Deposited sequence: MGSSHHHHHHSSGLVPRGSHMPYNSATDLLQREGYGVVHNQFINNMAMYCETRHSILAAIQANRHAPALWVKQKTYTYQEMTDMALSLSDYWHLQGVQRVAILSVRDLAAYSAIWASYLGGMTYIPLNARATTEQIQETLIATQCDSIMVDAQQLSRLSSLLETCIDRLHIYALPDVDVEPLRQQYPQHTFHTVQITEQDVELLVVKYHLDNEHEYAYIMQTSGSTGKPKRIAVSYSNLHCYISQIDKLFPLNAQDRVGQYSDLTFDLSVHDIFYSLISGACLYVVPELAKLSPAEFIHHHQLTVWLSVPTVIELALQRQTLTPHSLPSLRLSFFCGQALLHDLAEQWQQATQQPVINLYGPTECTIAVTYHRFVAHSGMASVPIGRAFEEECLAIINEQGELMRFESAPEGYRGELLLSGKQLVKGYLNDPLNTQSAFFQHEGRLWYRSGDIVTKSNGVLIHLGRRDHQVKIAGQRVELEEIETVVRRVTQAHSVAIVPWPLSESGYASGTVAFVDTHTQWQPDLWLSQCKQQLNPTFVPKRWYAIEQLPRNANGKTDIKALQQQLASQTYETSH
């Protein structure tokens, strides 16, 4: 034998997930609608779907099922199999779903028994052959007979050897893991495709800063169309923890849900705190099981975070980031003794990811920016997506190159204070309405079309004490024929119900660019 001086042999996060599944095969992985499923049972369903899709040559699967076993089965199946999932909004119309399938070139849909009625309306008008997937408990026979122009696949659940998990699998970290959609100013949705490496970077950051163990119980509050749900699902999975799906009819009682199931980990928009306070459920020490509370999506007010922390007596974490940069990109542990009015959004998981550009147009890396520096936050790094899917115009305006790396204009205005970022607002009219992202211009565009009005303003209203808007109202000019029943009827076909204006005003003149605050002040007077 020859004497040898050296040897060299040619995804860590994916490995951790596969290992977690093996290590906790007999443990509960998912609770949904009064049923519990172990890691082994979820693995059997997931790899059965995944194997079948591989043989079918499916890459993208749309998911119509919501808050149901079939949705989580398909999401695990897509992840384990290196495929791309596309969650469909629970209140999307037939037409909106068609637009999504077309834009994402997807002809495969995972359904369940609760969605068969919506599916039927889709199948009725879609001319192209769709491939419909369901678990064996779903009776697809009548629809199969009724729609031979489409194809229905019942996938049998085979038992799967979890010992084989690590070798039975994938080497395109740049393939898309999921595709989200968000509000576009013209009513055409922007689509955001998030890669495996985007997702793996995020999960690895959160797992190392805030590690869970297999005894943890993770809430799944957010809709699957909102990327917070991606956090819930994969955070639980990498930890071998149990994910608890919040039933639709319990989203309005979050504190009771947490206490009822003794949840140890929670993530939602901070509106949830206000709601819990309104229902008189947030008394001190009332939530002892909740050891990690994350909030993302809207400005976290100090007083809100304080009241939630008194209930849990445990850490509260502010998370910030847009869907375009994979869930959250900064974080800040809430400090009760900060004496500030809002909770900072903090600092990035990874250094060299943030820059601020001021009104002069000077780009400044976060590490170099001085105390008090102010301007628009720019994002970069491994969590940033390539741009918007098939939308070069929006990509060009939001994404740009600068000395080697791709930066993204968040639109968020921040200040650097005492070494952390404070979120001050936005330069545009993107807002959250009841916790959901929307462009006020998308609503205005729809209302303009439907009313044919010359002048239109969309105003977030009413506002809570924290400044969170639960709805919108519309102002139209006094020259358009007043037909608010007809207007309402048409808006519901073009906007999610959350965004449809709940109150309509015919007003002689708008206060002035439209002064949204003045309209808010006026509305407060009645």
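*Asks:* Would you flag the ranges of the deposited sequence that the structure leaves without C-alpha positions?
*Replies:* Holes in the chain trace, numbered from 1: 1-34, 45-49, 209, 553-556, 571-576.
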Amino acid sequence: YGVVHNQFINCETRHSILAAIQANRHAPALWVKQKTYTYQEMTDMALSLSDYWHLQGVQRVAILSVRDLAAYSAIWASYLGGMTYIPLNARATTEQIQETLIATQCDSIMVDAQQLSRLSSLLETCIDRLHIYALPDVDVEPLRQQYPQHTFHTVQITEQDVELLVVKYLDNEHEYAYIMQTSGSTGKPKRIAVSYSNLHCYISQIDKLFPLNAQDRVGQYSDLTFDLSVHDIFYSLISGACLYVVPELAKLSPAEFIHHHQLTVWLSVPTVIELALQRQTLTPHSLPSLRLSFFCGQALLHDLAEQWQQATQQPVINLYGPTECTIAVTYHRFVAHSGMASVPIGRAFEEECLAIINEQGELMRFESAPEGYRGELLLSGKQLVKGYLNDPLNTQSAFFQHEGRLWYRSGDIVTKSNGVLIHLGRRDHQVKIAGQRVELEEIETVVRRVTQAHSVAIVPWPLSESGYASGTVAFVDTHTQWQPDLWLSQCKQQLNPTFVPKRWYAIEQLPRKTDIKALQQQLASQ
From here on, numbers count along this sequence of modelled residues.
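*Asks:* Taking only the CA atoms, which stretch has the higher mean B-factor in the record, 208-216 or 333-341?
*Replies:* Here the higher of the two C-alpha B-factor means belongs to 333-341.
*Asks:* Out of 455-463 and 63-71, which stretch has the higher average CA B-factor listed in the record?
*Replies:* It is 455-463.
*Asks:* Which one of 165, 434, 378, 245 shows the top CA temperature factor in the record?
*Replies:* So the option with the highest C-alpha B-factor is 165.
*Asks:* Determine which member of 279, 291, 259, 129 has the highest CA B-factor, using the values in the deposited entry.
*Replies:* Across 279, 291, 259, 129, the entry lists the biggest C-alpha B-factor for 279.
*Asks:* Comparing residue 232 with the other modelled residues of its chain, is its CA B-factor in the lowest, middle or highest third?
*Replies:* Residue 232: CA B-factor falls in the lowest third of its chain.
*Asks:* Sorting the chain's modelled residues by C-alpha B-factor, tell me whether residue 471 ends up in the lowest, middle or highest third.
*Replies:* Middle third - that is where residue 471 ends up once the chain's C-alpha B-factors are sorted.
*Asks:* Would you mind checking where the Cα B-factor of residue 496 ranks among the modelled residues of its chain, as the lowest, middle or highest third?
*Replies:* Answer is middle: the recorded C-alpha B-factor places it there.
*Asks:* Relative to the other modelled residues in the chain, which third contains the C-alpha temperature factor of residue 404: lowest, middle or highest?
*Replies:* Residue 404: CA B-factor falls in the highest third of its chain.
*Asks:* Grab the CA temperature factor for residue 382 from the record and place it in the lowest, middle or highest third of its chain.
*Replies:* Answer is middle: the recorded C-alpha B-factor places it there.
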